[PDB]
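One chain comes next, on its own, written out as structure tokens in the form deposited in one PDB entry.
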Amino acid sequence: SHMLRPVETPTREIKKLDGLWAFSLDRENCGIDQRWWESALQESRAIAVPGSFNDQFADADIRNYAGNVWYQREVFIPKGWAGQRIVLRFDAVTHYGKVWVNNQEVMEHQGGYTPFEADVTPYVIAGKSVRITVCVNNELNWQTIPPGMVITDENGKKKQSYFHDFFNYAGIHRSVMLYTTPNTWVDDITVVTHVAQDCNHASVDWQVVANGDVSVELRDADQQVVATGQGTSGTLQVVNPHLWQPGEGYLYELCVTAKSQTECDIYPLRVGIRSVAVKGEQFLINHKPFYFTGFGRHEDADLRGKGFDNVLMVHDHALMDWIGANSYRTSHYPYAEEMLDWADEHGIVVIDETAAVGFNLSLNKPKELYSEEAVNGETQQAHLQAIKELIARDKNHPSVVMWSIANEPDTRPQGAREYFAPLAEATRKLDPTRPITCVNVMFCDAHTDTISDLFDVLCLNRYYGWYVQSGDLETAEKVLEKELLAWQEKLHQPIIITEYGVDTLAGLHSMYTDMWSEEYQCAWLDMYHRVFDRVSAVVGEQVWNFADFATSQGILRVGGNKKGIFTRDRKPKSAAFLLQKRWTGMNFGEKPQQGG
């Protein structure tokens, strides 16, 4: 399908974001049978949308519940919407959503981090109130992204198992809304920005419109015309440009219009003029060598889980700005779309990740990771569909300078290369603008990994001195460099360390600088930094993690993952000031001299 983020000029949305819906559990799994969307939810309670449902009620049985849950809400439809196209859009339902309006099923989606909309005009009457019922499922299998395993015991109780670290939060995590368009409406737009060395730049477009002759206008920050184009097809207007840069993040506004015989529809699209491309061992942004600093993040907060919140987004960006982070990565799933709009605006570099995590068996399980049990052709299809929807959404965001197909898959079994080759090829077919990468797990080193050649940038997740060599800084430095040099002598690609960090308990201090202590984190990060600056092919460092986040229960996780630089309530550990000295002490975007 085609996807475009709603705005307001001749279009009007009403947020059904109003917090409180009706919520109910379907423990007996009657809901779809007893047609629960037809009547008002029985034995229901208030719940906040957006937000995960697991933590809202301080209940253990609800937090670790797997199966179907029901959302329901009434809404009055605007009067001036009669004879207009009305769309119902969810920014994300986590895992699975089925929507009904009144009694009419109108939607279905698998994929919990991408939006899905539907024309609902014939099932709605302006000035009248309608009932919106959503059925949310949080179950993961081997054909879902991410993968999982559900276990039904003798008592008929489901219990979900997964292969990634972060907790399986679910529910409507993001923005719900009705929004309108003329019956001649724009449903799709595509933009590609070419910039030379370095005088001027061209901009191609391609967009489809329901009834409509197409004019396009490239407007400046002053809303002044700097260029114009005719026709639906490719435009290519040249300009002496203010480039989209990581320091400023300048933006133009391409205004695209669609004229019918009776109707007219306008649509403003934010545009950043920049080019991303790999040239040897360097990552070039606007034909300039760049050095990634920042974090692997997580949509995780104390009471809302992965539910989006504006306050949290302002504070988290204030800390990253303060600490010197010039970039980050949407770790293990597509983030809220508002996150990327912020990045576009403030010139923040973003590596965009799919929800493709947990392709592992190592750490009644299948014997072959790539087989009809476990991962198969259907899984490959869902992965392909997942790669599609992310690009269909984020292709127009200047902040995205890379695509990440998956996170830490085991590429040691046989089917590994057979699985990833079509995907890596199909992705470059979907977007030639941005380089693509695949994040590499530890035990898949330079002599064992079988897929690192199919991608443009080498992204490594390393933990020498923690999981291995535990506690030995002397040996870890030796192993890391030799491992990095091995990767260099093999692919000669740009290397970004996309995950490095250790578990650190805030308030734990040690004179002996041992594990789990704040001293260790500082010392451990310090050793990694010295290794990075001795290797030319290293062009990026993203600390794991930004903040402490929640995980599934285990002996390896003390109330969640404690590898954060900040606590879960965003209080800084000693390492935050260490990272602050380094990241702000270097020339922006420019790598540290080889011992300097």
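For clarity, a rigid core is taken as the largest C-alpha set superposing within 1.5 Å between two forms. Quick note: we count residues from 1 along the sequence shown, nothing fancier.
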Quiz item: Relative to the deposited sequence, how many residues with no modelled coordinates occur between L363 and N364 (none, 1 to 3, 4 to 9, 10 or more)?
Solution: 4 to 9
Quiz item: Should the higher mean CA B-factor in the entry be assigned to 509-517 or to 391-399?
Solution: 391-399
Quiz item: Per the entry, where is the mean C-alpha temperature factor higher: 141-149 or 79-87?
Solution: 79-87
Exercise. Please pick out which of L243, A356, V136, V350 has the largest Cα B-factor as recorded in the entry.
Key: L243
Quiz item: Based on what the PDB entry reports, which of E253, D410, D344, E108 has the top C-alpha B-factor?
Solution: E253
Quiz prompt | Where the record places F295 (Cα B-factor, split into thirds across the chain) | solution = lowest
Practice problem: Consider only the C-alpha atoms of the modelled residues in this chain, order them by B-factor as the entry records it, and name the third containing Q385: lowest, middle or highest. | Solution: middle
Self-check item: Record-listed C-alpha B factor of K15: chain third
Solution: middle
Exercise. Could you say whether, by C-alpha temperature factor, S24 belongs to the lowest, middle or highest third of its chain?
Key: lowest
Quiz item: How does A318 rank on Cα B-factor within its chain, lowest, middle or highest third?
Solution: lowest
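Just so it is clear, the following notes concern the form deposited in another entry, a form of the same protein that is not shown.
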Self-check item: Core-superposed comparison between this form and the one not shown - Cα displaced by 2 angstroms or more, from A46, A60, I32, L556
Solution: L556
Exercise. Establish whether a shift of 2 Å or more occurs at the C-alpha of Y464 between this form and the one not shown, with the two forms superposed on the rigid core.
Key: yes
Quiz item: Is the CA-CA spacing of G465 and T411 tighter or wider in the other form than here, given a 3 Å or more change?
Solution: closer
Quiz item: Given that the distance between the C-alpha atoms of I555 and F295 changes by 3 Å or more in the other form, do they end up closer or farther than here?
Solution: closer
